[PDB]
There are 2 protein chains.
Amino acid sequence: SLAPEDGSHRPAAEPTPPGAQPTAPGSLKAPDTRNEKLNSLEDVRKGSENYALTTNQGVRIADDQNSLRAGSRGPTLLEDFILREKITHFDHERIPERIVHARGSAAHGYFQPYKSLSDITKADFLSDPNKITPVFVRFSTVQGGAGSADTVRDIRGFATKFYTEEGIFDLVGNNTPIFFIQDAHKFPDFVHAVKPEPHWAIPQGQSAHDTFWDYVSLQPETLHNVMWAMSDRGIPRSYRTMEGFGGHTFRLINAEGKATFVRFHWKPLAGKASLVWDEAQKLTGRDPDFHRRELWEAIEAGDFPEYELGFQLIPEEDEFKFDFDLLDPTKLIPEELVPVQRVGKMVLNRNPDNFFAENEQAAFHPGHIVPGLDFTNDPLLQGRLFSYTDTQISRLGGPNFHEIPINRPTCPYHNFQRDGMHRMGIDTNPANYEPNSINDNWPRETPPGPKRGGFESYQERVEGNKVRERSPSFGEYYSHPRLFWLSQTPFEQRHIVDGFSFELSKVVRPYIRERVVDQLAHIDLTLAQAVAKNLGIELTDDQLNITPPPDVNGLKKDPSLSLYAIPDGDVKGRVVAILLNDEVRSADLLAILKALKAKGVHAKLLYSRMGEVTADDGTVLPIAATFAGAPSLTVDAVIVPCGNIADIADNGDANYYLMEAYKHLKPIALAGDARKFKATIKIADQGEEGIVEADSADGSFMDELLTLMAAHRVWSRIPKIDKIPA
Amino acid sequence: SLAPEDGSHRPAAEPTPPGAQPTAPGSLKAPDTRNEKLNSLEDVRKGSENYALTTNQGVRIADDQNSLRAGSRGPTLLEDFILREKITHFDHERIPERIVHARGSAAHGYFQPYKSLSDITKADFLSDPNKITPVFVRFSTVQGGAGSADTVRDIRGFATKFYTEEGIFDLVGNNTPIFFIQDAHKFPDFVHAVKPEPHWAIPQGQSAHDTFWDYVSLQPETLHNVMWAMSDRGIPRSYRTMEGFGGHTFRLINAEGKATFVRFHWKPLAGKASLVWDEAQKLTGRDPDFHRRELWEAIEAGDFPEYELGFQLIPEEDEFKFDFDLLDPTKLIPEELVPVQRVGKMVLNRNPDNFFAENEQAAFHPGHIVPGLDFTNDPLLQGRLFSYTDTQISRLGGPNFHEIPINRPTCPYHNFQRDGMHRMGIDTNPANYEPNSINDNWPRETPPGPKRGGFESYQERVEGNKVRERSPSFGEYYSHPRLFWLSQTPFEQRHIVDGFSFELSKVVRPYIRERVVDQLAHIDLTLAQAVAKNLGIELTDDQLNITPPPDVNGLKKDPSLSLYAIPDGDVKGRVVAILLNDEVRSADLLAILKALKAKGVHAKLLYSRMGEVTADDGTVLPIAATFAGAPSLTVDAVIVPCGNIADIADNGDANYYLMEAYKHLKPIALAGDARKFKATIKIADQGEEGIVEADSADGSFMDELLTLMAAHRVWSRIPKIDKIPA
Ligand code: HDD
Ligand code: HDD
C-alpha cells in the first residue's frame with residue numbers, strides 16, 4: 001500500500017469548486033450522472049482497483065520493474081516478451097492529429113427541445129420536449145497542433161455529436177457565423193496560409209505572420225471572418241462564454257416535404273465574454289491549458305456549460321430577398337432581419353474518463369445528418385461533405401471508425417458493409433449483398449416517411465452547365481465587414497484596431513501590411529486610418545476617397561454582433577483571487593466568501609508561499625497557490641482583505657498582481673488597510689469607478705464588487721491603463 | 001503578377017542578421033552552402049518558379065479557385081477529380097508525432113575530427129582529420145506535443161545523424177549527462193507520469209503536476225535527473241548554449257579488437273547560458289517558437305551553432321574502480337575523475353527546405369552504430385535498442401523509413417530485404433536470399449577488419465542466471481544529486497530551490513509534496529529546508545538527522561557541473577533591444593551600433609509603433625517591432641539612447657520593458673537623459689553594478705555594456721528584484 005493513511009489521494013465523488021479536490025475521470029467523479037450514451041459505454045470502461053497487473057494477453061506480471069537479463073548486470077534478452085509488449089504499445093501510442101482543430105476539449109451532456117418542431121422538421125430528436133438526446137461536444141481552436149495553447153487568437157470550433165434514435169447528427173460549427181472562404185477547393189490554400197510556414201514550421205497558434213496576411217490581402221472574401229478574428233471574439237474567456245454557429249444554410253424538411261432554409265445558433269446561457277489581447281497572450285505562457293482546465297473544472301463544480309439551440313428560419317420563397325446570397329458562407333444573416341428562434345437547451349454535465357479514447361478519437365462530420373435535415377448548394381459546405389469522411393481513414397486508421405466506442409450510434413445500425421481494419425462487429429447475416437433471397441432481403445430499405453423513415457434528399461431543381469465558376473452573387477466583400485465594425489462598441493472597435501495593428505506589425509514584408517491597410521479602406525475609413533497610424537503608413541488621396549460599401553438591407557448596425565452592447569453577464573462560475581496576509585481580519589473574509597457563495601462565484605486564496613496562514617481569530621486558512629503560481633490572468637476579479645497589510649505591502653509579486661489585473665480591466669476591491677495598495681495603481685484619494693473600497697468588506701462593498709463582475713470588465717478604465725507600467 | 005515591382009518579397013540570398021529579411025528555405029537562402037548529404041538530396045528537391053500548376057498526375061489546372069458544379073450556384077459534382085485529389089492530399093497531411101521529443105528544430109551541418117583516433121577506434125568517420133562527415137541534428141524538448149512551446153522547463157534532446165562512409169551513426173543524446181530511470185522496462189511508466197495526465201490531458205510541456213512528483217517520490221533513482229531539470233539547465237537560452245551528452249557508456253573498438261568504455265559529450269563553443277524561470281515561462285506565451293526561431297536565424301546570419309565532440313574514456317580494466325556502476329545511467333562520470341578528451345568539431349550551417357519532409361520525418365535511433373563502436377549492458381540503453389526501430393513502423397508508415405530522403409545513407413546499401421509499404425528501391429538482383437548461386441552470392445558478407453570490414457560485436461563475457469533483477473550496485477540514489485547540488489553557485493542553488501518550490505506548489509495532493517521534501521532531506525538538508533519553507537512544511541526531528549550521502553570518489557564538488565561557476569560566455573549572436581524615441585541623438589546610435597557590430601552582437605530598434613522615426617540630424621531609423629511586440633524576454637540586454645526622452649518617459653510599455661529586463665537580471669545601459677528611467681527600476685543616483693550609465697554612449701559605455709553581456713546576467717542583482725513589481 002502506497003496511498004496515504006487518510007485517503008486524501010482520492011477526490012470526493014460530489015461536486016466541488018475549482019481546486020478544492022484533485023480532478024478525476026468523469027465516471028469516478030460523478031458516477032451517478034447518466035445518459036443513454038454514457039450507459040452504453042459501460043461495455044468498454046475498464047476499472048483497476050483490486051485487479052492484478054497483466055500483459056494484454058492476461059498473463060500476471062510478477063516484476064514490472066526490470067527487464068529479463070543474463071545476470072543482474074547482463075544484456076537484455078530477446079525472450080522478454082513482457083518488456084517487448086509493454087514497449088511496443090508505448091512505441092505506437094500516437095495517431096495523426098486532426099488536420100485542423102487539432103487542439104480541443106470535450107465533455108458529455110444532453111439536449112432536450114422546448115417544444116415539438118414537427119411543423120417544420122421531421123427530425124426525430126426535435127419531435128417532443130420529453131425526448132432527451134445524449135451529446136458529446138468538442139470545443140477547439142483551428143490552427144495549432146494538439147499540444148498548442150488554448151488562449152491564442154483564433155476561430156474556435158464547437159462540434160456537437162447528437163446520438164439520436166434515427167442516427168448520429170453532427171452539428172459541426174464555429175464561434176463566428178461565417179467562414180474565411182467561399183469555395184471548398186480553396187480550403188487547403190487558406191489553411192496552408194494560416195498554419196506554420198512550411199520552411200521552418202513557425203508560428204504555432206498564430207495568424208500573425210506573412211503568409212496569412214498575404215493570402216488575406218489577395219482574397220478580399222476573407223475580410224469578414226478576419227474582422228471577427230481580430231475582435232475580441234478571437235479570444236474568448238471560456239468555451240462557456242462564446243457563441244456557436246453552423247455557418248451554412250442547411251434545410252429542415254417536414255413530414256409534408258416542405259423545405260425551410262435554416263442557420264443554426266448556440267446561445268451561451270453564461271453570456272458572452274472574452275479576454276483582452278495582452279492577458280490572452282500572456283495566459284498562453286502561464287497556462288496553455290486554461291480553457292481545457294476551465295471547462296473540466298466547471299463541470300466538476302456543477303457549473304454545467306448550457307447553450308440554447310437557435311434557428312434562423314427563411315422560407316424557400318425568400319431565397320432571393322436579401323442583398324447577399326443565402327448560400328455564401330462569408331455572409332451572415334443579421335438577427336435584425338431574421339430572428340433566432342430558441343428551440344432547445346444543451347447542458348454539458350460530465351467529463352470523459354480517458355481523453356485519448358473519447359476526445360482524441362471522436363469523429364464529427366457535418367455530412368452526418370438525419371431525416372428531417374438536408375444540405376444546400378453552399379459551395380463550402382458541399383466540399384466539406386467529402387473531407388470529413390476521407391480524413392478518418394488515416395486519422396482513425398480505417399473505415400470502421402464508427403465502431404470506436406465514442407463514435408458508435410446508440411440506435412440500431414445494420415447493413416451489408418464488411419471487413420476493413422480492426423473490424424469489431426461479427427456479422428451473422430448469411431448475406432453480405434442486396435437484393436438477396438438467402439436472408440429474405442434483410443436488412444431492408446425503408447421508404448421515407450413522417451417518422452422512422454429512410455433518408456431521401458429534397459428534390460431541389462438543378463439547372464446549369466458543368467462549370468468551375470464563382471457565383472456573381474458571391475462577389476461582394478466589404479459590406480458585411482462594415483456592418484460588423486459599425487455594430488461594435490467603441491472599446492470593441494479599439495481592440496479590433498489593436499488586433500490588426502499587432503498582427504500586421506509581425507508581417508516582415510512591408511508591402512503586405514500596406515495591401516491589407518488598402519483593403520481596410522474599402523470597409524471603413526476610420527478603421528483603416530487607425531490601423532495605418534499604428535503601422536506608420538499614411539493613406540493616399542485615392543484611399544481617403546473610397547466610397548463605403550452599402551448597408552446590409554438598410555441596416556446600419558445590429559447589436560447582436562457585439563459581445564458587450566447588450567449586457568448578458570452572468571457571474572456564476574467566475575473566479576476571484578483573494579490576496580492573503582499573515583493575520584487576515586476573519587470578519588472581512590467571512591462576509592466576502594458568504595457573498596461570493598450566494599452568487600456561485602468561486603475564490604482562490606493566494607499568498608507568498610504554500611501551506612496555511614492563521615486569521616486574527618485563529619481560523620486556519622489553507623493556501624491554494626502563490627501570487628506567482630496563480631496570476632491575475634486566471635481570475636475575473638481581485639479582492640484584498642484587511643489584516644496585517646504590512647506583511648504584503650512590500651511584496652513585488654502582490655503589487656504586480658494588482659497592476660496586472662488593473663491593466664486588464666478587472667474589478668479590484670480593497671478593504672480597510674488594503675487601500676494602501678491604491679498607490680501602486682495610481683488611484684486618486686476620492687476613488688475611481690471599478691475600484692471598490694470601504695473601511696471593511698460589508699454587504700454593500702460585496703454588492704458593488706459583484707455588480708462590476710456582472711459587467712465583466714471595467715471598459716471605462718481603458719484611457720488610464722497606458723500610463724501603467726505592467 | 002502579384003509580387004511587388006521592387007522585388008522586396010524575395011529575401012537576399014546572403015547572410016543577414018535576425019529580422020533584416022524574411023526567413024526562407026535553406027537552399028534558397030544559402031544556395032552556395034553544400035555538403036555530401038545536401039548534394040544527394042538534390043534528386044528530390046522540387047522547384048516552383050515558371051512552372052504550371054498541376055495535379056499530382058501532371059495535368060495542368062485551369063481554375064484553382066472553384067469546384068466543378070452544375071450551374072455557378074449549383075451542387076458540386078463527384079466528377080471533380082482536381083478538387084478531390086487536392087482535398088484528399090490535405091486530408092491526410094498529418095503523421096503521428098514522436099512518442100517523446102515531439103517538439104524539435106533541426107539543421108544540416110558537418111563534422112570533422114581534429115586527428116585520427118585509429119589507436120582507440122576503427123570508426124571510419126574518426127579516422128582522418130581531412131575526412132568530413134555531413135550531419136543532420138535535431139534538438140528537442142521531451143514531454144510536449146509537436147505544437148507545444150520551446151522555452152518550457154524540460155530535458156532537451158540533442159540528436160545527431162552522421163552520414164558516414166561505413167553507415168549512418170546516430171548519437172541520440174540529451175542536455176544532461178544522465179536519465180531519470182535505470183531500466184527501460186520502466187520507460188512507459190516514467191513517461192506516462194511526466195506527460196499530460198490521462199483523464200483530461202493536462203498539463204502540456206510541464207512536469208509541474210501530481211503524477212510526475214508521485215512517481216519521483218516513489219522512485220528515488222529519478223532524483224539525479226530531477227535535480228538537473230529543476231536547475232537552470234532545464235531552461236536553456238538557446239540550443240546553441242547548452243551541453244549535450246550521450247548519457248550511456250558505449251564502447252570504442254580499435255583494429256586490434258581492444259575495447260575502451262566511452263561516454264559522449266558535446267561542448268557548445270558559444271558557451272553555457274540559461275534563462276531564469278519567470279522569463280522562460282512568460283516567453284512560452286510571447287513566443288512559443290523562440291528556440292526554433294533563434295536556431296534558424298543564427299544559421300541565416302552566419303552565427304553557425306558549433307559544438308566540440310568530446311569523449312570520457314575508461315579502460316576495460318577500470319570498470320569497477322568507481323563508487324558507482326559505469327552502466328548505471330542515473331550516474332554521471334565527474335570530469336574531475338575522467339576528463340573529456342576533445343575529438344572534433346561540428347558546425348550547423350544550413351537550414352532545411354521543408355520542415356515536414358526533413359525535420360518531422362527524420363528518424364534517429366542509437367542502435368544505428370558503425371564498426372569501431374559497440375554497446376554495453378546498460379539496462380536503459382539495452383531496451384532503447386528495441387524501441388527506435390519499432391516506433392518507426394507507425395510513425396513513418398512502415399519498414400522502408402530509411403528510403404525517406406533525409407534518412408538515406410550516403411554510402412552504399414545493398415541487401416536481400418524486399419517490399420513493404422511505399423517501397424522505393426526497385427531491386428534487380430535475381431536473388432532475394434543468401435546463400436545463392438544464381439547471383440554468385442551477391443551482395444556478399446564481409447569479414448571484420450581494420451577498415452571497411454563487416455560489423456562484429458565485441459565478445460564480452462556474459463555469465464549469470466536469466467533474471468528480472470536490478471543490480472545491487474545500482475541501488476544508491478542520493479550521492480550524485482548531492483554532488484550536483486554542491487557544485488552549483490549560490491544563485492544556481494537558489495534557482496533549484498525555486499524550481500522545486502514552484503513545481504511542488506502545483507501538486508494538488510499535499511502528501512506528495514511532503515514525500516518529495518522527505519527525499520530532498522536525504523540529499524541535502526539546506527536544500528530540503530529551503531524548499532520546505534516555501535511550501536509551509538516543517539521538517540521532523542528525524543528528517544533533520546538524516547546523514548548526508550557519501551561523496552563521490554572523494555569529490556566535494558565538481559565545477560564542470562555548474563552552468564556559471566567558470567565563465568565561458570561569448571557575445572557573438574546575442575541581441576540587444578534599443579528603445580528609440582522621436583528625436584534620437586544619432587551620435588549615440590552610431591556609436592552603439594558600431595560597437596555591437598564589432599562583437600557580432602545584433603540589435604533590434606523598438607518604438608511605440610511601426611514605420612520610422614527621424615534622428616536629430618535627419619537620419620531615418622526603421623523600426624523593427626513595438627515595445628509590446630518584441631518584449632525584453634527576447635533579448636539579452638537593453639540600451640536606451642539619448643534624444644527626446646519625454647517622448648517615451650510616461651509610455652507604460654517602455655517603462656515596463658526596463659522593469660522586466662531588470663527583474664530577469666539583464667544588463668541595462670542608459671545614456672544622457674535616458675538616465676531619467678533610473679527612477680522606474682529604483683536605482684540610486686550613484687548607480688549600481690549592472691546598470692551602465694553616462695552622459696553619452698562612448699567609449700567606454702559600450703565596453704562596460706559588452707563586458708556585462710559576456711557574463712550573461714547580473715547575478716548580484718538578485719537581492720534587489722523581489723521589491724520590484726514586474
Ligand atoms: C473541405 C475542407 C473543410 C472545410 C471547407 C471546412 N472543414 Fe472543418 N474540418 C475538415 C475539413 C474542412 C477536416 C479535415 O475534415 C476536419 C479535421 C479533422 C476531421 O476529423 O475533420 C475538420 C474539423 C473541424 C472541426 C473539429 C471537429 C472536432 O472537434 O473534431 C470543426 C468544429 C470544423 N471543422 C468546423 C468547420 C466550419 C464551421 C467550417 C465552415 C463553416 C469548416 N469546418 C470548413
Ligand atoms: C525504451 C524507450 C526509450 C528509452 C529508455 C529512451 N528513449 Fe529516447 N526515444 C524513444 C524511446 C526511448 C522513442 C520512443 O523510440 C523515440 C520517440 C520516437 C522516436 O523516433 O524515438 C525517442 C526519441 C528520442 C530523442 C529525439 C530524437 C529525434 O529528434 O527524433 C532523443 C534526443 C532521445 N530519445 C534521447 C534519449 C536519451 C538520452 C535517453 C536515455 C539516456 C533516452 N532517449 C531513453
Side-chain angles (χ1 to χ4, degrees), chain A residues 113-123 126-127 169 171 173 177-179 182-183 224 245-265 309-344 366 369-382 385 448-451 453 455-465 467 469-476 479-480 483 550-555 558 560-561, chain B residues 69-76:
Chain A
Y114 291 159
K115 81 171 227 269
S116 175
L117 299 179
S118 60
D119 290 351
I120 63 168
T121 184
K122 68 180 168 179
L126 301 165
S127 63
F169 163 50
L171 171 30
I178 71 292
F179 198 66
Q182 295 180 333
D183 185 307
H224 192 194
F245 302 91
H248 313 285
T249 304
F250 281 85
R251 294 179 159 111
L252 305 180
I253 309 303
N254 67 11
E256 287 108 311
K258 169 167 160 263
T260 307
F261 290 124
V262 67
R263 291 215 184 170
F264 300 121
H265 288 253
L309 186 60
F311 291 169
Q312 272 181 298
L313 296 169
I314 298 98
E316 190 178 64
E317 319 83 81
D318 282 4
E319 184 170 4
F320 301 104
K321 272 166 215 170
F322 307 90
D323 55 26
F324 53 97
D325 194 311
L326 295 186
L327 302 190
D328 178 350
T330 65
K331 303 291 185 292
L332 58 77
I333 302 166
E335 299 179 39
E336 291 293 311
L337 296 189
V338 184
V340 170
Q341 179 184 150
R342 293 160 347 197
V343 127
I369 54 168
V370 288
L373 310 180
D374 212 337
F375 306 118
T376 59
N377 289 331
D378 165 331
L380 189 71
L381 174 56
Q382 288 274 311
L385 304 181
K451 185 172 187 311
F455 183 96
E456 185 174 85
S457 293
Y458 182 63
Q459 293 187 39
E460 172 162 35
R461 183 79 185 163
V462 182
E463 294 197 5
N465 297 86
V467 290
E469 176 187 349
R470 204 70 65 75
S471 186
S473 65
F474 283 39
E476 193 288 310
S479 71
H480 282 47
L483 170 64
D551 294 327
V552 173
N553 286 96
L555 291 179
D558 188 329
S560 70
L561 299 183
Chain B
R69 38 172 155 278
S72 68
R73 282 180 89 249
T76 305

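For the numbers below, each heavy atom of this structure counts, side chains included, while hydrogens, waters and symmetry mates do not. Throughout, protein chains are lettered first and strands after them, A, B, ... in sequence-line order, and every chain is numbered starting at 1.
- Looking only at atom types and distance, the side chain of A/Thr249 has a donor-acceptor partner in the side chain of A/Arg263 under 3.5 Å away.
- Scanning both residues, A/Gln312 and A/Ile333, for their nearest heavy atoms gives NE2-O, 2.8 Å.
- Here A/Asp374 contributes atom CG and A/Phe261 contributes atom CZ; the two are 10.5 Å apart, rounded to the nearest 0.5 Å.
- Using a 4.5 Å heavy-atom threshold, the side chains of A/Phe311 and A/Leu117 count as touching.
- The shortest heavy-atom contact between A/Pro550 and A/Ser479 is O-CB, 3.2 Å.
- One finds the OG1 atom of B/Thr76 at 9.5 Å from the CG atom of A/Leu380 (value rounded to the nearest 0.5 Å).
- Side-chain N/O atoms of A/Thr376 and A/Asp378 include no donor and acceptor closer than 3.5 Å.
- The CZ atom of B/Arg73 sits 10.0 Å away from the CG atom of A/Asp328 when rounded to the nearest 0.5 Å.
- Within the 3.5 Å criterion, the main-chain N or O of A/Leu252 finds no donor-acceptor partner in the side chain of A/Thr260.
- Between A/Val552 and A/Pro334 there is a side-chain heavy-atom pair separated by less than 4.5 Å.
- Using a 4.5 Å heavy-atom threshold, the side chains of A/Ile178 and A/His480 count as separate.
- Listed here is the closest heavy atom pair of A/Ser118 and A/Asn254: O-CB, 3.9 Å.
- Judged purely by atom type and a 3.5 angstrom limit, A/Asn465 has no side-chain atom pairing as donor or acceptor with the backbone of A/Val467.
- Residues A/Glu316 and A/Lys258 form no side-chain contact, since every pair of their non-hydrogen atoms from C-beta on lies 4.5 Å or further apart.
- Proximity of A/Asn377 to A/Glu460: side-chain heavy atoms (C-beta onward) are separated by under 4.5 Å at one or more points.
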message: Between A/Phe264 and A/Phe245, is the ring-ring contact (aromatic ring centres under 6.0 Å, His included) condition met? List the steps.
response: CA-CA 6 Å; A/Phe264 300 121; A/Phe245 302 91; over 10 Å; no
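- Within the model, atoms OG of A/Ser473 and CG of A/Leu326 stand 10.0 Å from one another, a figure rounded to the nearest 0.5 Å.
- When all heavy atoms of A/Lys331 and A/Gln182 are compared, the closest pair comes out as NZ-NE2, 4.1 Å.
- Atom CG in A/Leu332 sits 9.5 Å away from atom CG in A/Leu337 (nearest 0.5 Å).
- Taking both residues in full, the closest heavy atoms of A/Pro371 and A/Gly453 are given as CG-O, 3.7 Å, listed atom of the first, atom of the second, then distance.
- Rounded to the nearest 0.5 Å, atoms CD1 (A/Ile253) and CG (A/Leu373) are 8.5 Å apart.
- Shown here for A/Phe474 and A/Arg470, the closest heavy-atom pair between the two residues is CB-CG, 4.2 Å.
- Looking at heavy atoms from C-beta onward, A/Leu483 lies out of side-chain contact with A/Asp551 at the 4.5 angstrom threshold.
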Stepwise side chain to side chain contact (heavy atoms under 4.5 Å, CB included) test for A/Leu171 and A/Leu309: CA-CA 11 Å; A/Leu171 171 30; A/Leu309 186 60; 3.9 Å; yes
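- Inter-residue side-chain proximity for A/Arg251 and A/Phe375 is flagged as unmet; no heavy-atom pair is nearer than 4.5 Å.
- Residues A/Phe324 and A/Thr330 fail the side-chain proximity criterion, which asks for heavy atoms closer than 4.5 Å.
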